[PDB]
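This is work05.cif (mmCIF, C-alpha atoms and all ligand atoms).
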data_input
loop_
_atom_site.group_PDB
_atom_site.id
_atom_site.type_symbol
_atom_site.label_atom_id
_atom_site.label_comp_id
_atom_site.auth_asym_id
_atom_site.auth_seq_id
_atom_site.Cartn_x
_atom_site.Cartn_y
_atom_site.Cartn_z
ATOM 1 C CA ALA A 3 91.046 -136.968 124.024
ATOM 2 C CA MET A 4 87.326 -137.967 123.828
ATOM 3 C CA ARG A 5 85.924 -140.823 121.733
ATOM 4 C CA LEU A 6 82.784 -140.769 119.540
ATOM 5 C CA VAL A 7 81.008 -144.070 118.771
ATOM 6 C CA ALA A 8 77.874 -144.639 116.669
ATOM 7 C CA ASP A 9 76.009 -147.526 115.224
ATOM 8 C CA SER A 10 76.326 -148.016 111.450
ATOM 9 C CA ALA A 11 72.949 -146.371 110.804
ATOM 10 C CA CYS A 12 74.937 -143.118 110.864
ATOM 11 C CA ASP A 13 76.247 -144.093 107.371
ATOM 12 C CA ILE A 14 79.845 -142.890 108.061
ATOM 13 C CA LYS A 15 83.072 -144.627 109.066
ATOM 14 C CA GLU A 16 85.269 -141.661 110.002
ATOM 15 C CA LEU A 17 84.964 -138.142 111.336
ATOM 16 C CA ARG A 18 87.975 -136.212 110.166
ATOM 17 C CA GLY A 19 89.939 -134.871 113.099
ATOM 18 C CA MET A 20 88.063 -137.000 115.667
ATOM 19 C CA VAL A 21 88.464 -140.370 117.287
ATOM 20 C CA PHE A 22 85.397 -142.167 115.917
ATOM 21 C CA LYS A 23 84.285 -145.747 115.537
ATOM 22 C CA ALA A 24 81.162 -147.110 113.794
ATOM 23 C CA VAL A 25 79.597 -150.305 115.146
ATOM 24 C CA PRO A 26 77.966 -152.488 112.467
ATOM 25 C CA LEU A 27 74.409 -153.670 112.399
ATOM 26 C CA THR A 28 73.644 -156.726 110.313
ATOM 27 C CA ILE A 29 71.084 -157.508 107.662
ATOM 28 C CA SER A 30 70.217 -161.164 107.066
ATOM 29 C CA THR A 31 68.266 -163.483 104.777
ATOM 30 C CA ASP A 32 67.787 -167.174 105.587
ATOM 31 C CA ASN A 33 70.864 -167.720 103.335
ATOM 32 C CA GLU A 34 73.339 -164.815 103.866
ATOM 33 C CA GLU A 35 74.462 -162.329 106.597
ATOM 34 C CA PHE A 36 75.444 -158.842 105.484
ATOM 35 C CA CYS A 37 77.486 -156.965 108.054
ATOM 36 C CA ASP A 38 77.266 -153.152 107.640
ATOM 37 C CA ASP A 39 81.016 -152.528 107.798
ATOM 38 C CA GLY A 40 83.845 -151.501 105.427
ATOM 39 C CA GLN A 41 83.605 -154.808 103.493
ATOM 40 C CA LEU A 42 79.952 -154.484 102.486
ATOM 41 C CA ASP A 43 79.004 -154.414 98.764
ATOM 42 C CA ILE A 44 75.686 -152.633 99.087
ATOM 43 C CA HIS A 45 74.896 -152.655 95.372
ATOM 44 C CA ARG A 46 75.215 -156.440 95.439
ATOM 45 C CA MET A 47 73.096 -156.714 98.587
ATOM 46 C CA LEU A 48 70.350 -154.599 97.070
ATOM 47 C CA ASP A 49 70.496 -156.743 93.920
ATOM 48 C CA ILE A 50 70.143 -159.886 96.052
ATOM 49 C CA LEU A 51 67.248 -158.515 98.087
ATOM 50 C CA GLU A 52 65.330 -157.283 95.053
ATOM 51 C CA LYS A 53 64.933 -160.859 93.734
ATOM 52 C CA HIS A 54 64.886 -162.598 97.151
ATOM 53 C CA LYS A 55 61.371 -163.755 97.803
ATOM 54 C CA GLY A 56 61.862 -164.691 101.462
ATOM 55 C CA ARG A 57 61.824 -162.620 104.636
ATOM 56 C CA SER A 58 64.840 -160.508 105.556
ATOM 57 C CA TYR A 59 65.860 -159.214 108.963
ATOM 58 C CA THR A 60 68.116 -156.760 110.776
ATOM 59 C CA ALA A 61 69.905 -157.089 114.110
ATOM 60 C CA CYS A 62 71.517 -154.617 116.521
ATOM 61 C CA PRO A 63 75.239 -155.013 117.438
ATOM 62 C CA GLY A 64 76.347 -157.459 120.104
ATOM 63 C CA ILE A 65 77.527 -156.203 123.490
ATOM 64 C CA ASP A 66 81.019 -157.382 122.490
ATOM 65 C CA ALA A 67 81.122 -155.267 119.327
ATOM 66 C CA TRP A 68 80.252 -152.227 121.411
ATOM 67 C CA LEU A 69 82.962 -153.036 123.940
ATOM 68 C CA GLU A 70 85.523 -153.395 121.188
ATOM 69 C CA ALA A 71 84.470 -149.998 119.816
ATOM 70 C CA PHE A 72 84.738 -148.270 123.207
ATOM 71 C CA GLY A 73 88.363 -149.415 123.367
ATOM 72 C CA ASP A 74 89.916 -148.114 126.550
ATOM 73 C CA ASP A 75 88.963 -144.464 126.513
ATOM 74 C CA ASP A 76 87.666 -142.685 129.553
ATOM 75 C CA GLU A 77 85.274 -140.171 127.935
ATOM 76 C CA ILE A 78 82.881 -141.600 125.327
ATOM 77 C CA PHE A 79 79.743 -140.357 123.566
ATOM 78 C CA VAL A 80 77.722 -143.106 121.863
ATOM 79 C CA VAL A 81 75.050 -142.110 119.312
ATOM 80 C CA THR A 82 72.392 -144.716 118.459
ATOM 81 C CA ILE A 83 69.494 -145.061 116.060
ATOM 82 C CA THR A 84 66.094 -144.310 117.628
ATOM 83 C CA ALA A 85 65.100 -146.393 120.624
ATOM 84 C CA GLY A 86 61.601 -146.099 119.217
ATOM 85 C CA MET A 87 62.332 -148.471 116.314
ATOM 86 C CA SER A 88 65.313 -150.603 117.322
ATOM 87 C CA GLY A 89 66.973 -152.485 120.214
ATOM 88 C CA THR A 90 70.263 -150.720 119.398
ATOM 89 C CA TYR A 91 69.948 -148.160 122.219
ATOM 90 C CA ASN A 92 69.367 -150.939 124.774
ATOM 91 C CA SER A 93 72.349 -152.935 123.471
ATOM 92 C CA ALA A 94 74.572 -149.846 123.846
ATOM 93 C CA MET A 95 73.234 -149.251 127.377
ATOM 94 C CA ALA A 96 73.971 -152.877 128.217
ATOM 95 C CA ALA A 97 77.519 -152.535 126.928
ATOM 96 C CA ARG A 98 77.963 -149.262 128.844
ATOM 97 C CA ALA A 99 76.963 -151.160 131.991
ATOM 98 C CA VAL A 100 79.749 -153.730 131.472
ATOM 99 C CA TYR A 101 82.260 -151.037 130.462
ATOM 100 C CA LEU A 102 81.693 -148.988 133.589
ATOM 101 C CA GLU A 103 82.283 -152.129 135.666
ATOM 102 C CA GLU A 104 85.645 -152.475 133.849
ATOM 103 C CA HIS A 105 86.842 -148.811 133.688
ATOM 104 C CA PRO A 106 86.674 -146.958 137.006
ATOM 105 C CA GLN A 107 87.344 -143.469 135.724
ATOM 106 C CA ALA A 108 85.165 -143.784 132.615
ATOM 107 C CA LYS A 109 82.270 -141.487 131.649
ATOM 108 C CA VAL A 110 80.000 -142.831 128.880
ATOM 109 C CA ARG A 111 76.911 -141.043 127.603
ATOM 110 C CA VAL A 112 74.607 -143.025 125.287
ATOM 111 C CA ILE A 113 72.495 -140.662 123.083
ATOM 112 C CA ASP A 114 69.227 -141.988 121.692
ATOM 113 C CA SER A 115 69.201 -139.883 118.512
ATOM 114 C CA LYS A 116 65.427 -140.388 118.217
ATOM 115 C CA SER A 117 66.211 -140.684 114.519
ATOM 116 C CA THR A 118 68.666 -142.235 112.002
ATOM 117 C CA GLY A 119 71.211 -141.510 109.289
ATOM 118 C CA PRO A 120 71.906 -137.832 108.636
ATOM 119 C CA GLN A 121 70.413 -136.735 111.950
ATOM 120 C CA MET A 122 72.894 -139.064 113.733
ATOM 121 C CA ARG A 123 75.582 -137.500 111.574
ATOM 122 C CA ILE A 124 74.556 -133.937 112.561
ATOM 123 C CA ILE A 125 74.643 -134.931 116.244
ATOM 124 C CA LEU A 126 78.097 -136.490 115.830
ATOM 125 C CA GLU A 127 79.373 -133.375 114.084
ATOM 126 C CA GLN A 128 78.055 -131.152 116.832
ATOM 127 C CA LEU A 129 79.769 -133.301 119.473
ATOM 128 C CA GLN A 130 82.965 -132.945 117.446
ATOM 129 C CA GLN A 131 82.559 -129.175 117.224
ATOM 130 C CA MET A 132 82.032 -128.813 120.982
ATOM 131 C CA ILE A 133 85.015 -131.049 121.708
ATOM 132 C CA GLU A 134 87.154 -128.910 119.383
ATOM 133 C CA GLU A 135 85.859 -125.812 121.182
ATOM 134 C CA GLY A 136 87.358 -127.272 124.370
ATOM 135 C CA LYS A 137 84.062 -127.916 126.176
ATOM 136 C CA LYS A 138 84.245 -130.458 129.016
ATOM 137 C CA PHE A 139 82.410 -133.794 128.989
ATOM 138 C CA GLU A 140 79.739 -132.585 131.419
ATOM 139 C CA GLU A 141 79.072 -129.431 129.373
ATOM 140 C CA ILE A 142 78.747 -131.413 126.172
ATOM 141 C CA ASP A 143 76.561 -134.088 127.753
ATOM 142 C CA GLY A 144 74.035 -131.466 128.870
ATOM 143 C CA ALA A 145 74.163 -129.275 125.780
ATOM 144 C CA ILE A 146 73.824 -131.890 123.031
ATOM 145 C CA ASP A 147 70.210 -132.693 124.028
ATOM 146 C CA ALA A 148 69.233 -129.052 123.742
ATOM 147 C CA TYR A 149 70.960 -128.856 120.326
ATOM 148 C CA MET A 150 68.982 -131.918 119.139
ATOM 149 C CA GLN A 151 65.700 -130.123 119.710
ATOM 150 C CA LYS A 152 66.735 -127.757 116.864
ATOM 151 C CA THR A 153 67.244 -130.566 114.305
ATOM 152 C CA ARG A 154 64.759 -132.388 112.034
ATOM 153 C CA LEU A 155 64.744 -135.295 109.595
ATOM 154 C CA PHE A 156 62.704 -135.794 106.418
ATOM 155 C CA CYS A 157 62.801 -138.688 103.998
ATOM 156 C CA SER A 158 61.355 -139.707 100.668
ATOM 157 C CA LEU A 159 61.083 -143.448 100.031
ATOM 158 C CA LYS A 160 60.162 -145.194 96.768
ATOM 159 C CA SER A 161 59.522 -148.498 98.526
ATOM 160 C CA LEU A 162 58.694 -149.305 102.168
ATOM 161 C CA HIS A 163 58.623 -153.083 101.764
ATOM 162 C CA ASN A 164 61.513 -153.797 104.146
ATOM 163 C CA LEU A 165 60.196 -151.392 106.810
ATOM 164 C CA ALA A 166 56.729 -152.928 106.508
ATOM 165 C CA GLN A 167 57.781 -156.583 106.594
ATOM 166 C CA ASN A 168 59.776 -155.824 109.760
ATOM 167 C CA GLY A 169 56.817 -154.086 111.426
ATOM 168 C CA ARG A 170 58.345 -150.622 111.407
ATOM 169 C CA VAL A 171 55.663 -148.863 109.324
ATOM 170 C CA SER A 172 51.969 -149.602 108.831
ATOM 171 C CA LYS A 173 50.813 -151.542 105.757
ATOM 172 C CA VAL A 174 48.443 -148.706 104.740
ATOM 173 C CA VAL A 175 51.353 -146.273 104.699
ATOM 174 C CA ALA A 176 53.638 -148.669 102.832
ATOM 175 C CA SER A 177 50.999 -149.471 100.235
ATOM 176 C CA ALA A 178 51.169 -145.986 98.769
ATOM 177 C CA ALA A 179 54.680 -146.633 97.504
ATOM 178 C CA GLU A 180 53.632 -149.848 95.842
ATOM 179 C CA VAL A 181 52.405 -147.723 92.913
ATOM 180 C CA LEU A 182 55.120 -147.077 90.303
ATOM 181 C CA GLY A 183 56.376 -143.476 90.519
ATOM 182 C CA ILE A 184 54.910 -142.715 93.959
ATOM 183 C CA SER A 185 57.183 -141.950 96.944
ATOM 184 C CA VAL A 186 56.172 -141.594 100.577
ATOM 185 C CA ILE A 187 57.489 -138.532 102.420
ATOM 186 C CA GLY A 188 58.177 -139.008 106.136
ATOM 187 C CA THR A 189 59.682 -137.301 109.158
ATOM 188 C CA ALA A 190 61.113 -138.558 112.423
ATOM 189 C CA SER A 191 58.347 -138.119 115.001
ATOM 190 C CA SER A 192 58.723 -136.787 118.519
ATOM 191 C CA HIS A 193 58.560 -140.465 119.584
ATOM 192 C CA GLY A 194 61.466 -141.431 117.348
ATOM 193 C CA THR A 195 59.213 -143.222 114.850
ATOM 194 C CA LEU A 196 58.597 -142.796 111.148
ATOM 195 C CA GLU A 197 55.702 -140.387 110.683
ATOM 196 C CA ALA A 198 54.338 -140.367 107.133
ATOM 197 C CA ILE A 199 53.611 -136.856 105.880
ATOM 198 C CA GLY A 200 52.206 -137.609 102.433
ATOM 199 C CA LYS A 201 52.783 -139.199 99.060
ATOM 200 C CA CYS A 202 54.486 -137.609 96.149
ATOM 201 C CA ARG A 203 54.668 -138.175 92.339
ATOM 202 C CA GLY A 204 58.096 -137.295 90.963
ATOM 203 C CA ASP A 205 61.181 -135.281 91.891
ATOM 204 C CA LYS A 206 59.899 -131.802 91.152
ATOM 205 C CA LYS A 207 56.838 -132.249 93.358
ATOM 206 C CA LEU A 208 59.083 -133.588 96.173
ATOM 207 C CA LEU A 209 61.251 -130.480 95.966
ATOM 208 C CA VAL A 210 58.205 -128.231 96.425
ATOM 209 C CA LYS A 211 56.838 -130.280 99.326
ATOM 210 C CA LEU A 212 60.261 -130.321 101.009
ATOM 211 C CA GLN A 213 60.570 -126.574 100.703
ATOM 212 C CA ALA A 214 57.225 -126.115 102.434
ATOM 213 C CA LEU A 215 58.148 -128.612 105.187
ATOM 214 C CA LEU A 216 61.507 -126.938 105.800
ATOM 215 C CA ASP A 217 59.835 -123.515 105.981
ATOM 216 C CA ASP A 218 57.326 -124.774 108.533
ATOM 217 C CA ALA A 219 60.064 -126.567 110.471
ATOM 218 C CA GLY A 220 61.983 -123.302 110.972
ATOM 219 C CA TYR A 221 64.841 -124.040 108.570
ATOM 220 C CA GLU A 222 66.961 -120.919 107.985
ATOM 221 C CA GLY A 223 69.966 -122.074 106.009
ATOM 222 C CA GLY A 224 71.927 -123.999 108.654
ATOM 223 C CA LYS A 225 73.765 -127.306 108.379
ATOM 224 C CA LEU A 226 72.126 -129.781 105.968
ATOM 225 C CA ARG A 227 73.074 -133.422 105.441
ATOM 226 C CA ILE A 228 71.524 -135.642 102.752
ATOM 227 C CA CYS A 229 72.158 -139.343 102.229
ATOM 228 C CA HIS A 230 70.832 -141.364 99.329
ATOM 229 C CA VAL A 231 70.475 -144.990 98.269
ATOM 230 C CA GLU A 232 71.712 -145.021 94.651
ATOM 231 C CA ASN A 233 70.018 -141.700 93.966
ATOM 232 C CA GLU A 234 72.742 -139.130 93.845
ATOM 233 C CA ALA A 235 70.743 -137.330 91.163
ATOM 234 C CA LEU A 236 67.840 -136.592 93.470
ATOM 235 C CA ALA A 237 70.022 -135.725 96.460
ATOM 236 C CA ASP A 238 71.940 -133.203 94.307
ATOM 237 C CA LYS A 239 68.658 -131.624 93.129
ATOM 238 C CA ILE A 240 67.497 -131.246 96.716
ATOM 239 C CA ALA A 241 70.814 -129.740 97.742
ATOM 240 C CA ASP A 242 70.631 -127.260 94.840
ATOM 241 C CA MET A 243 67.065 -126.285 95.753
ATOM 242 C CA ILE A 244 67.973 -125.646 99.366
ATOM 243 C CA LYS A 245 71.090 -123.623 98.557
ATOM 244 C CA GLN A 246 69.026 -121.467 96.226
ATOM 245 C CA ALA A 247 66.066 -120.975 98.587
ATOM 246 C CA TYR A 248 67.830 -120.565 101.940
ATOM 247 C CA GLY A 249 71.397 -119.515 101.247
ATOM 248 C CA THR A 250 72.822 -122.701 102.759
ATOM 249 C CA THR A 251 76.590 -123.121 102.583
ATOM 250 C CA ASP A 252 77.127 -126.095 104.927
ATOM 251 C CA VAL A 253 75.768 -129.012 102.837
ATOM 252 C CA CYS A 254 77.004 -132.565 102.371
ATOM 253 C CA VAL A 255 75.447 -135.167 100.032
ATOM 254 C CA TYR A 256 76.705 -138.708 100.532
ATOM 255 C CA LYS A 257 75.889 -142.375 100.189
ATOM 256 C CA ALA A 258 73.800 -144.291 102.715
ATOM 257 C CA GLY A 259 75.391 -147.245 104.538
ATOM 258 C CA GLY A 260 74.071 -150.788 104.630
ATOM 259 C CA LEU A 261 71.388 -150.414 107.290
ATOM 260 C CA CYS A 262 69.889 -147.248 105.860
ATOM 261 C CA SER A 263 70.087 -148.707 102.322
ATOM 262 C CA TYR A 264 68.111 -151.731 103.483
ATOM 263 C CA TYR A 265 65.288 -149.715 105.142
ATOM 264 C CA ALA A 266 65.218 -146.669 102.826
ATOM 265 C CA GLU A 267 65.590 -148.948 99.717
ATOM 266 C CA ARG A 268 66.864 -148.153 96.231
ATOM 267 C CA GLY A 269 65.998 -144.603 95.231
ATOM 268 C CA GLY A 270 65.500 -143.421 98.799
ATOM 269 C CA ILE A 271 66.763 -140.162 100.232
ATOM 270 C CA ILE A 272 67.024 -139.010 103.862
ATOM 271 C CA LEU A 273 67.880 -135.501 104.934
ATOM 272 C CA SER A 274 68.517 -133.806 108.221
ATOM 273 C CA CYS A 275 68.910 -130.119 109.063
ATOM 274 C CA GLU A 276 69.484 -127.629 111.863
ATOM 275 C CA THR A 277 66.523 -125.341 112.474
ATOM 276 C CA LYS A 278 66.216 -122.018 114.259
HETATM 277 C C1 LIG B 301 62.901 -142.117 113.184
HETATM 278 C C2 LIG B 301 63.552 -142.129 111.790
HETATM 279 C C3 LIG B 301 62.590 -142.119 110.588
HETATM 280 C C4 LIG B 301 63.396 -142.207 109.268
HETATM 281 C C5 LIG B 301 63.253 -143.549 108.542
HETATM 282 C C6 LIG B 301 63.949 -143.616 107.166
HETATM 283 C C7 LIG B 301 64.394 -145.103 106.911
HETATM 284 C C8 LIG B 301 65.850 -145.318 107.442
HETATM 285 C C9 LIG B 301 66.256 -146.413 108.468
HETATM 286 C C10 LIG B 301 65.400 -146.518 109.746
HETATM 287 C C11 LIG B 301 65.752 -147.795 110.543
HETATM 288 C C12 LIG B 301 64.639 -148.181 111.510
HETATM 289 C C13 LIG B 301 64.806 -149.622 112.028
HETATM 290 C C14 LIG B 301 66.275 -150.082 112.297
HETATM 291 C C15 LIG B 301 66.216 -151.481 112.964
HETATM 292 C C16 LIG B 301 67.630 -151.948 113.388
HETATM 293 C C17 LIG B 301 67.432 -153.206 114.268
HETATM 294 O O1 LIG B 301 67.363 -154.331 113.685
HETATM 295 O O2 LIG B 301 67.288 -153.160 115.546
HETATM 296 NA NA NA B 302 56.919 -146.243 94.524
#
As C-alpha cells, please, write out the structure in this file.
Amino acid sequence: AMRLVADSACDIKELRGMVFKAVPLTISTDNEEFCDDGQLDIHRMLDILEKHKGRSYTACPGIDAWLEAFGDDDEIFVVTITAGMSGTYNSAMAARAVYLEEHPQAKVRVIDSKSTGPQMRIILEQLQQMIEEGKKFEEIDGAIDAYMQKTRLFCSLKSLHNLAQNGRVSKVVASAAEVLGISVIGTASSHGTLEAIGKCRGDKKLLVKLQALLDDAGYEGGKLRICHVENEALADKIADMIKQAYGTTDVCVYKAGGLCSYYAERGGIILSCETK
C-alpha cells in the first residue's frame, strides 16, 4: 500500500515493485530552465553549461509539486537531499504540513538523507525491502534511521565549478580540480555536507584510494550503488575493483540525473555503500 517519494537528486524515476514518485528540482541559467524530469536531455544541458559564461542556479521543488507527488496515499516516506546543502528538506516539510491538514488519516515521514544520489537510492531500496517484508509504518519509520548510520557516500569530481559558484564547497577545495587530470575525492560528512578527502591524479590512483576509504569505513561487501555523469568507464572499473576485493554481488552502476549531473559535472562519479 505505502508510497515512496524522493526528490530528483536520487537519480531514479521508478522502483520496480513499489509505488514511487520522483519530484524534480530545476537547474536554470538567465536564459533557460532545465527541469530534472523524464523530458530532460542532460547531454545537451551539459553542453550548454560548458560554454555558458554566466551564473547558473538550482531550485528545490515547489510545495505544489510535492503535493502532486504525494497523491492521496495515507502512508508516505519522502527521501530528500541533505538539509545541510539544500532547501529541499524544508520544502518537503512544508508540503507535509499542508498534506496533513488535507488528509486526516495520513502518516508522512520526511527523511533528510544527509546525502545525495546513490545514498538516497540505498535508503529508498531499504524502505522498499522493509515494506515487502511486511513491516508496519511505525517500525519502518524508526528502523530506517538506524540503517542509515551503516551507509556511506564517496565521490570523485573532475570539476567543482558549479558547487563552488553556488557556495556549496570552498574555493580552495574547488581549485584543486581546476588542474587538468586532477579529481577531488569527497565524502558526505556527519553534517550532511561535502567533506573533501583529497585530490587524485587518474583512475588507477582513485581505485586505490577508494579501496582504502572503504576498508576504513567498514565496508564488507554489502549493497553498492554507483552513479556517473558520462563516465560509465570509470564507474565500471570501480565496480570491478570492489567485486574483486570484497566479494560484492549486489552492485548497480547507472546514470546520474539532472541535478547530480549539474553538481558532480561531466566525468564525475558518486558511490554509496552499506557498511558493517
Ligand atoms: C552530502 C553529499 C556530498 C556529495 C556531493 C556530490 C555532488 C552531488 C550533488 C550535491 C547537491 C548539493 C546541492 C543541491 C542544491 C539543490 C537546491 O538548489 O536546493
Ligand atoms: Na580536474
Given only C-alpha atoms and all ligand atoms, how would the per-residue table for chain A near ligand NA 302 (chain B) read, listing every residue at most 8 Å away with its closest atom pair and distance in Å to one decimal, sorted by chain and number, as JSON lines?
{"residue": "A:159", "atom": "CA", "partner": "B:NA302", "partner_atom": "NA", "distance": 7.4}
{"residue": "A:160", "atom": "CA", "partner": "B:NA302", "partner_atom": "NA", "distance": 4.1}
{"residue": "A:161", "atom": "CA", "partner": "B:NA302", "partner_atom": "NA", "distance": 5.3}
{"residue": "A:178", "atom": "CA", "partner": "B:NA302", "partner_atom": "NA", "distance": 7.2}
{"residue": "A:179", "atom": "CA", "partner": "B:NA302", "partner_atom": "NA", "distance": 3.7}
{"residue": "A:180", "atom": "CA", "partner": "B:NA302", "partner_atom": "NA", "distance": 5.1}
{"residue": "A:181", "atom": "CA", "partner": "B:NA302", "partner_atom": "NA", "distance": 5.0}
{"residue": "A:182", "atom": "CA", "partner": "B:NA302", "partner_atom": "NA", "distance": 4.7}
{"residue": "A:183", "atom": "CA", "partner": "B:NA302", "partner_atom": "NA", "distance": 4.9}
{"residue": "A:184", "atom": "CA", "partner": "B:NA302", "partner_atom": "NA", "distance": 4.1}
{"residue": "A:185", "atom": "CA", "partner": "B:NA302", "partner_atom": "NA", "distance": 4.9}
{"residue": "A:186", "atom": "CA", "partner": "B:NA302", "partner_atom": "NA", "distance": 7.7}
Quick one: axis-aligned box around all listed atoms of ligand LIG 301 (chain B), 6 Å on every side, centre and edge lengths in Å to one decimal, written as AutoDock Vina command-line options.
--center_x 65.1 --center_y -148.2 --center_z 111.2 --size_x 17.0 --size_y 24.2 --size_z 20.6
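The space separating atom CA of residue 230 of chain A from atom CA of residue 147 of chain A comes to 26.2 Å.
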Distance filter 6 Å around ligand LIG 301 (chain B), atoms: all atoms listed in the file, out as a ChimeraX atom specification: /A:60-62,84,87-90,116-118,157,189-190,194-196,262,265-266
Test item: residues at most 12 Å from residue 122 of chain A, all atoms listed in the file, excluding those fewer than 4 positions along its chain, as a PyMOL selection string: chain A and resi 6-14+24+80-84+113-118+126-129+146+150+153-155+190+227-229+262+272-275
Non-local contacts of residue 139 of chain A (10 Å; only C-alpha atoms; under 5 positions in same chain excluded) as a count of residues only: 12
The PyMOL selection byres (((chain A and resi 257) around 8) and not hetatm) resolved against shown file, as a ChimeraX atom specification: /A:13,229-232,234,255-256,258-259
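We find atom CA of residue 156 of chain A and atom CA of residue 57 of chain A to be spaced 26.9 Å apart.
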Because the input lacks atoms here, generate N, CA, C and O atoms for segment 119-136 of chain A and report them as a PDB file, in the frame of the given file.
ATOM      1  N   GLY A 119      70.504-142.045 110.433  1.00  0.00           N
ATOM      2  CA  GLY A 119      71.211-141.510 109.289  1.00  0.00           C
ATOM      3  C   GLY A 119      71.702-140.088 109.481  1.00  0.00           C
ATOM      4  O   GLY A 119      72.512-139.806 110.370  1.00  0.00           O
ATOM      5  N   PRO A 120      71.264-139.149 108.616  1.00  0.00           N
ATOM      6  CA  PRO A 120      71.906-137.832 108.636  1.00  0.00           C
ATOM      7  C   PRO A 120      71.657-137.069 109.919  1.00  0.00           C
ATOM      8  O   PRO A 120      72.429-136.155 110.237  1.00  0.00           O
ATOM      9  N   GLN A 121      70.606-137.411 110.673  1.00  0.00           N
ATOM     10  CA  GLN A 121      70.413-136.735 111.950  1.00  0.00           C
ATOM     11  C   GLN A 121      71.438-137.226 112.980  1.00  0.00           C
ATOM     12  O   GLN A 121      72.009-136.418 113.733  1.00  0.00           O
ATOM     13  N   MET A 122      71.765-138.508 112.934  1.00  0.00           N
ATOM     14  CA  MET A 122      72.894-139.064 113.733  1.00  0.00           C
ATOM     15  C   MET A 122      74.195-138.376 113.331  1.00  0.00           C
ATOM     16  O   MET A 122      75.001-137.970 114.174  1.00  0.00           O
ATOM     17  N   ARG A 123      74.369-138.186 112.019  1.00  0.00           N
ATOM     18  CA  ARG A 123      75.582-137.500 111.574  1.00  0.00           C
ATOM     19  C   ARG A 123      75.659-136.071 112.094  1.00  0.00           C
ATOM     20  O   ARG A 123      76.724-135.639 112.535  1.00  0.00           O
ATOM     21  N   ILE A 124      74.552-135.320 112.060  1.00  0.00           N
ATOM     22  CA  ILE A 124      74.556-133.937 112.561  1.00  0.00           C
ATOM     23  C   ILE A 124      74.869-133.899 114.066  1.00  0.00           C
ATOM     24  O   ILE A 124      75.589-133.017 114.551  1.00  0.00           O
ATOM     25  N   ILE A 125      74.305-134.828 114.819  1.00  0.00           N
ATOM     26  CA  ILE A 125      74.643-134.931 116.244  1.00  0.00           C
ATOM     27  C   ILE A 125      76.137-135.192 116.425  1.00  0.00           C
ATOM     28  O   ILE A 125      76.810-134.519 117.214  1.00  0.00           O
ATOM     29  N   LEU A 126      76.663-136.187 115.722  1.00  0.00           N
ATOM     30  CA  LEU A 126      78.097-136.490 115.830  1.00  0.00           C
ATOM     31  C   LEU A 126      78.945-135.274 115.469  1.00  0.00           C
ATOM     32  O   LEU A 126      79.957-134.991 116.119  1.00  0.00           O
ATOM     33  N   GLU A 127      78.550-134.534 114.432  1.00  0.00           N
ATOM     34  CA  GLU A 127      79.373-133.375 114.084  1.00  0.00           C
ATOM     35  C   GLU A 127      79.283-132.274 115.122  1.00  0.00           C
ATOM     36  O   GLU A 127      80.221-131.468 115.269  1.00  0.00           O
ATOM     37  N   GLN A 128      78.145-132.154 115.790  1.00  0.00           N
ATOM     38  CA  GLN A 128      78.055-131.152 116.832  1.00  0.00           C
ATOM     39  C   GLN A 128      78.875-131.544 118.067  1.00  0.00           C
ATOM     40  O   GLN A 128      79.465-130.672 118.728  1.00  0.00           O
ATOM     41  N   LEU A 129      78.892-132.832 118.409  1.00  0.00           N
ATOM     42  CA  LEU A 129      79.769-133.301 119.473  1.00  0.00           C
ATOM     43  C   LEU A 129      81.220-132.955 119.113  1.00  0.00           C
ATOM     44  O   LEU A 129      81.980-132.406 119.921  1.00  0.00           O
ATOM     45  N   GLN A 130      81.602-133.245 117.867  1.00  0.00           N
ATOM     46  CA  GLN A 130      82.965-132.945 117.446  1.00  0.00           C
ATOM     47  C   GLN A 130      83.252-131.455 117.564  1.00  0.00           C
ATOM     48  O   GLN A 130      84.299-131.052 118.092  1.00  0.00           O
ATOM     49  N   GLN A 131      82.313-130.615 117.151  1.00  0.00           N
ATOM     50  CA  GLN A 131      82.559-129.175 117.224  1.00  0.00           C
ATOM     51  C   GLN A 131      82.720-128.707 118.674  1.00  0.00           C
ATOM     52  O   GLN A 131      83.600-127.892 118.987  1.00  0.00           O
ATOM     53  N   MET A 132      81.891-129.221 119.578  1.00  0.00           N
ATOM     54  CA  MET A 132      82.032-128.813 120.982  1.00  0.00           C
ATOM     55  C   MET A 132      83.321-129.324 121.587  1.00  0.00           C
ATOM     56  O   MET A 132      83.944-128.608 122.391  1.00  0.00           O
ATOM     57  N   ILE A 133      83.735-130.544 121.227  1.00  0.00           N
ATOM     58  CA  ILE A 133      85.015-131.049 121.708  1.00  0.00           C
ATOM     59  C   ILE A 133      86.151-130.163 121.199  1.00  0.00           C
ATOM     60  O   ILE A 133      87.084-129.828 121.945  1.00  0.00           O
ATOM     61  N   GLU A 134      86.097-129.778 119.923  1.00  0.00           N
ATOM     62  CA  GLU A 134      87.154-128.910 119.383  1.00  0.00           C
ATOM     63  C   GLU A 134      87.135-127.530 120.018  1.00  0.00           C
ATOM     64  O   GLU A 134      88.181-126.857 120.091  1.00  0.00           O
ATOM     65  N   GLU A 135      85.962-127.069 120.455  1.00  0.00           N
ATOM     66  CA  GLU A 135      85.859-125.812 121.182  1.00  0.00           C
ATOM     67  C   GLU A 135      86.423-125.911 122.589  1.00  0.00           C
ATOM     68  O   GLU A 135      86.461-124.897 123.282  1.00  0.00           O
ATOM     69  N   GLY A 136      86.830-127.087 123.033  1.00  0.00           N
ATOM     70  CA  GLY A 136      87.358-127.272 124.370  1.00  0.00           C
ATOM     71  C   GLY A 136      86.311-127.400 125.463  1.00  0.00           C
ATOM     72  O   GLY A 136      86.638-127.245 126.643  1.00  0.00           O
TER      73      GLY A 136
END
